[PDB]
Structure formats: structure tokens, C-alpha cells
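Q: Would you be able to build a 3D model of this:
(one chain, ligands or ions: 5)
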Amino acid sequence: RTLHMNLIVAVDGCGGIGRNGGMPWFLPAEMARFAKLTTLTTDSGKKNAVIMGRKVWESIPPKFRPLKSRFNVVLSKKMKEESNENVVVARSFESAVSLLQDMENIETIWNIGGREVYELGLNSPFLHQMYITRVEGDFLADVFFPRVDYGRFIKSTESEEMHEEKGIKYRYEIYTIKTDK
Ligand SMILES: NC(=O)c1ccc[n+]([C@@H]2O[C@H](COP(=O)([O-])OP(=O)(O)OC[C@H]3O[C@@H](n4cnc5c(N)ncnc54)[C@H](OP(=O)(O)O)[C@@H]3O)[C@@H](O)[C@H]2O)c1
Ligand SMILES: Nc1nc(=O)c2nc(CNc3ccc(C(=O)N[C@@H](CCC(=O)O)C(=O)O)cc3)cnc2[nH]1
Ligand code: NA
Ligand code: NA
Ligand code: NA
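A: Residues are numbered from 1 along each chain as shown. Ligands and ions are numbered 1, 2, ... in the order given. Okay, here it is:
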């Protein structure tokens with residue numbers, strides 16, 4: 001019935017997310033939380049889906065492709081079809097979402113992005129929550145998170161401490177779309 005689409009992203013002080021096709025940092029504890037948030041489901045036997053762009057797919061080491069215990073959906077007009085049954089190449093955002101709402105064993109769609117994928121999620125009726133990791137500093141990024149109006153959301157007020165790995169500081173933020181709260 002209810003099918004949420006959540007956004008999860010780590011942005012720096014200028015909203016940057018990507019550099020030279022990869023991520024501008026490596027935060028193992030932050031990424032373990034990413035893996036847990038995008039994998040764990042309320043209903044066991046049900047799965048979560050991750051929707052991503054081709055460049056996010058190419059940024060994952062092939063030994064970790066596809067992302068374990070999740071149904072992978074890759075948006076691309078150029079990619080050949082993936083024979084792996086846990087991966088589907090979707091030619092459009094609308095067809096990807098329609099396919100995911102068709103499969104009943106999917107509990108939550110996690111938009112793991114690429115700027116355009118995040119942008120389409122921000123305009124989706126299924127938009128539910130944004131899980132933003134705000135990293136301190138300017139990491140000289142060449143790809144940025146979409147310009148989002150935070151006034152559309154309610155910021156969750158749970159206590160959020162500062163984190164640090166490898167001399168990199170960051171804090172967690174959670175937002176809920178205002179029509180859902
Ligand atoms: N820090 C973070 O939390 C975070 C989050 C995600 C990614 N990143 C960084 O962001 C960068 C990549 O993100 P990106 O935005 O540059 O590229 P991307 O969006 O990850 O992938 C772009 C590709 O996705 C496909 N695509 C996107 N929208 C589509 C649509 N509506 N219909 C069909 N195909 C579509 C196209 O593939 P074709 O070109 O094959 O058509 C496009 O070239 C990387 O550097 C990555 O490390 C970081
Ligand atoms: N909060 C957040 N952090 C990120 O690093 C992030 N990265 C992307 C895109 N880039 C990547 C890069 C690597 C992996 C990856 O290898 N994930 C594995 C390993 C997690 C772990 O280290 O335990 C996974 O199982 O989730 C995923 C996304 C999208 N949203 C994000 N969101
Ligand atoms: Na497939
Ligand atoms: Na679309
Ligand atoms: Na802009």
C-alpha cells in the first residue's frame with residue numbers, strides 16, 4: 001500500500017556530493033549507516049529498492065555491485081541490460097517507479113541519487129523523507145545536490161551530535177515532507 005521514497009545523501013558545506021566521478025571523502029562509519037538504513041526493512045522477507053544513476057552505479061566497486069540485500073534500479077539511456085536478477089536498467093524515472101510499485105516485495109525506495117535522480121525524487125508524489133549527512137568544509141566538488149526548498153519539510157528534532165572520521169566532521173539531519181507530517 002504505502003510506498004515511501006526516501007532520499008539519502010552526504011553533502012559538504014557548499015552542497016557538493018561528487019568529485020571526479022567519485023565521492024570526495026571516505027567515511028566508513030557513515031557508510032555503514034547508509035548500508036543499514038537502505039537495507040533493513042520492517043517486514044522481513046520484504047526488500048528495499050535503491051534507485052540510482054549510471055554514474056553512481058559506476059562509482060561502486062564491482063565487487064560490491066549489486067548492493068547486497070537490496071533491489072538495484074539503475075537509470076540510464078546508454079547501459080546494456082544487466083543479466084543479474086537483482087539489477088534492472090530503467091530507461092526513465094517514471095518507468096522505474098512504476099516497476100517498483102508493481103513489485104509487492106518492495107517496502108521502501110531509497111533514492112541514492114546522482115543530481116538528476118535526486119531532483120526527480122524531490123518532485124515525486126512518493127517523496128517522504130530526506131536523510132542528509134552534512135559534512136563540514138569545502139571538498140571542491142564538481143557535482144552538487146539539487147537546490148531544495150527546506151521550507152517544504154519538517155526537520156526532525158532528535159538530538160544529533162557531531163561525528164568525526166579521518167579528520168572529517170559531519171552531522172546527521174532528517175527531514176519529512178510537510179504533507180506527511
Ligand atoms: N556524496 C553523496 O552522498 C553522493 C550521492 C550520489 C552520488 N555522489 C556523487 O555524484 C556523482 C554522480 O552523480 P551524477 O549526478 O554526477 O551522475 P548520476 O546522476 O549518478 O548518473 C547520471 C546518469 O544517470 C542516468 N540518468 C539520470 N537521470 C536519468 C533519467 N531521468 N532517465 C534516464 N537515465 C537517467 C544517465 O545515464 P546515461 O548517461 O547512460 O543516459 C546519466 O548520465 C559521483 O561523483 C558520485 O560519487 C555522491
Ligand atoms: N549518506 C550517504 N553516504 C554516502 O556515501 C552515499 N553515497 C552514495 C553514492 N555512492 C556510494 C558509494 C559506495 C557505496 C557502497 O559501496 N555501499 C555498500 C558498502 C557500505 C559499507 O561500507 O558498509 C553497501 O552495502 O551499502 C554506496 C554508494 C549515495 N548516497 C549516499 N548517502
Ligand atoms: Na535484470
Ligand atoms: Na520521469
Ligand atoms: Na541552482
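
Q: List the buried residues of the lengthiest helix in the chain.
A: Scanning the chain for the helix with the most residues, using DSSP state H, yields helix 28-39. Buried positions in helix 28-39, judged by neighbour count with 16 or more other Cβ atoms under 10 Å: 30, 33, 34, 38. C-beta coordinates here come from the backbone N, C-alpha and C atoms, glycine included.

Q: where do the strands sit along the chain?
A: 4-11, 16-18, 47-53, 70-75, 87-90, 106-113, 127-135, 143-144, 153-155, 162-165, 168-177 (DSSP state E).

Q: Turn those into a markdown table, including mean neighbour count and distance to residue 119.
A: Listed next are those as a markdown table, based on neighbours: other Cβ atoms under 10 Å; distance: least, Cβ to Cβ, whole Å:
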| stretch | mean neighbour count | distance to residue 119 |
| --- | --- | --- |
| strand 4-11 | 20 | 10 |
| strand 16-18 | 21 | 12 |
| strand 47-53 | 21 | 11 |
| strand 70-75 | 22 | 12 |
| strand 87-90 | 18 | 16 |
| strand 106-113 | 23 | 9 |
| strand 127-135 | 21 | 11 |
| strand 143-144 | 16 | 11 |
| strand 153-155 | 15 | 16 |
| strand 162-165 | 12 | 27 |
| strand 168-177 | 17 | 15 |
